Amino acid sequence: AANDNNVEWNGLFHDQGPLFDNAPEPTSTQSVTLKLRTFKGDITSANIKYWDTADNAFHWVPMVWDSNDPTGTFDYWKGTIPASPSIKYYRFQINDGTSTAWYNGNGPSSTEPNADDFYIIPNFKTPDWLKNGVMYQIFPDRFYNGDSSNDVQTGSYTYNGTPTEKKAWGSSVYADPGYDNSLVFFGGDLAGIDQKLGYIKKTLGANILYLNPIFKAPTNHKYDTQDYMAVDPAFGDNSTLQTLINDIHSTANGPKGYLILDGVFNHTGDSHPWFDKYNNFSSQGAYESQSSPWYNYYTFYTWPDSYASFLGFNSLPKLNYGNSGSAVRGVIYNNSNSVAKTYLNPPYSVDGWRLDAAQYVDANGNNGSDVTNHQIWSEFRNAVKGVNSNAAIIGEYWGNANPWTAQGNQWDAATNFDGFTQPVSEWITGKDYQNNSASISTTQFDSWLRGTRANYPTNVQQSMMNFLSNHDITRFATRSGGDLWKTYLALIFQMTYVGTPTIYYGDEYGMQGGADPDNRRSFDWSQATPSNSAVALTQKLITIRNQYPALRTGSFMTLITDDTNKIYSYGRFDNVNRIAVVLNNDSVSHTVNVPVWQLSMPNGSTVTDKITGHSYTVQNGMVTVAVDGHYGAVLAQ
C-alpha cells in the first residue's frame, strides 16, 4: 500500500478487543485510547468522530501514527477520547489523499454511517465470569432424577381439573388421553443435578448452570409460579437448593461454578395465593375478593374473569408493578426478603437471574417495551448489583435487545436468538429455529453476525447467551435432519464465537426434538459420554475456549466468506494469541488457504489445529488446511 488517493479497505480494522482499545469498560475517570489498523503507509490522516451524550454534539479527535505490527504489513494509528461519566458513540474517518472511507461497528463504508457506532459507556460493567464462561442450561424435570422419593406420580394431584401423569425415563413427552402436556413429569430434580455436576463441570467443562424455573408451581415447566420463596417439592426443598449451590460454587469438584436462576417476574401462576383462582389457600386472593390484600397486584378488566395476562393465557395473570416504591416492586426486587434479593443474599448467594418475558414487565396491565418497563429494569439492576455487583442479569428477548442493554443501566446481556441462534440455524440447517425453510449463504451469515454484534456494546456482546436450541424452539439436531456433522460444525462455531456459549442440555450429544413440549425430552445418560463424537468434541472445544482468552474477549475479524465452497473463516485474537477458525459448511471436503497474515501471524511460525491436533507452518502469510464437509479447524498460536 501507499499514499495513492485510495484507502484500502482490506487493511482497515478496529473493534474493542485488547489490541485496539485500552479501556473497554472504563469508569468516569479513565480515558479511552483507540487504535485503528491500516496497511502500512496506506493513508494520510484519520480522525475519531464521537457523539457525546453530555452535550448532544459531535467531537473531533485527530489520530497519529503509533506503530507497525510485528510483520510490518500494517500501521496502527491512535487517538484518545477523554474521560467523563457520559455515554459516547464513535466512528472513524479515514483519508488517503482524495480518498475517504468511514469505519464503525458495521465495518468500512464509502459514505458516513448514521448507525452502528462503537459504544463507550462509563461505569457499565458486566460480570467477567459471564464473559469468560460456558453455560449449561437445564430443564429440571428432564435432566436427572436423583431422588425418586419426591417424584410426581400419575394422579398425585390435579390442576384445573387435570391429573398429573408420570412417564418412564426416556419415553415420549406427550400426555396421554385424559392428561395434559404441561402436567407430564419424568422425575428430574435438584439432587439429580447435584449428583451430575461431575459431568457438567468435568466431562464437559461448563462452569455456569442456568436452570429453568425451580420454585413451587403446578406445571412441569413452572413458569406459573405459586410460591417464589420455596423450591417446588418435586425438585426438592430450599436446603437441597442450598446444597446444590455449595457444590456448584465448590472448586474441589472442578472449576468454580456459577448458578443462574430463571426469574419469572412478569406474571405469576393463577394458583399463586396472591391470585388464588382455585382457592387453594385460606387467604383471599385477588381473583377471590376485591378486598384482597393483594388485589392491586393484578389488573382486572372485568373482575374476576377478565384480567391482564401473559399473551392472553389466563393461567398466567400479569403483575401490576405500579409506580416506584410499590408493594409489587418491593416483593419482587426492592425488599431484602424479595424474590430477587433473597436468593442473591446468603444462605443462597446465587450468581444471576435470567429474566423471563422481560420486555412485558409493566404497570397497569400494559404491554411493556416502554418507559415504565425500562424504569423497572433500571431499579432492578440497582437492587441486584447493590447486593452483588457480580450477579448477572440476562433478559429474555428474541430481537435486538439494544433498548435494555445499550445504556448500561439495565441488563448485562440477553438471550441471543437474533444474533446467534437464528443465523446459525439458517446457515447450517437451512431452517429457521422454528424448523421452517430459511437458508442463508456464508456472505449473508457473516453480514448477519456483524450487524447483530453491532447492536450491542462490546461487554454486552461478550456476555450474550448463545445457545443452539432452547426450551421454546425446535432442537438443532431436528432442524439438521439428524446429520450429526451439522452439530459438529455448530459446536465449533459456538465455542469460538463472541458471547457465552450456552449448551441446552442434550444438544451436546445431538438430542432431537420438535416444538414444545418435544424440545424438552428426558436426557439419555448412555449417550452422554466421550463415546458420542459430539460429546467428545464439546469437551475438547470447551477446553480450547478456556485455554485462550482471545476466544472469549478477543477481537473478531472476518477472514474468508466463500459462497462457492461454503467456507467461512474468522480470527479471534489479542495481545497474546492469534486464532484462525476455518469452517466448511459444504457437504464435501475443501482445502483452504487461510490468510493468517491478516491476524499478523509471522511467516515461519507454527499453528496447531486444536480440532485434530495436527500442526502447520505459516508460509507466505498462509496456512493450507483440508477441512471435511460440515466441520472445522481452529488454527491457534
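Note that residue numbering begins at 1 and tracks the sequence as displayed.
- When 620 to 628 is weighed against 21 to 29, 620 to 628 comes out higher, by mean CA B-factor as recorded in the entry.
- According to the PDB record, 158 to 166 carries the higher mean C-alpha B-factor of the two stretches 158 to 166 and 78 to 86.
- Between the residues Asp232, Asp351, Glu426, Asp305, it is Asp305 that shows the highest Cα B-factor in the PDB record.
- Among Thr342, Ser526, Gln461, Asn416, the highest C-alpha B-factor in the deposited entry belongs to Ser526.
- Among the modelled residues of the chain, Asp370 sits in the middle third by CA temperature factor in this PDB entry.
- In this PDB entry, the Cα temperature factor of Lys40 sits in the middle third of its chain's modelled residues.
- When the modelled residues of the chain are ordered by C-alpha B-factor, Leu197 sits in the highest third.
- Per the PDB record, residue ranking by Cα B-factor puts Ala46 in the lowest third of the chain.
- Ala175 sits in the highest third of its chain by CA B factor, as recorded in the PDB entry.
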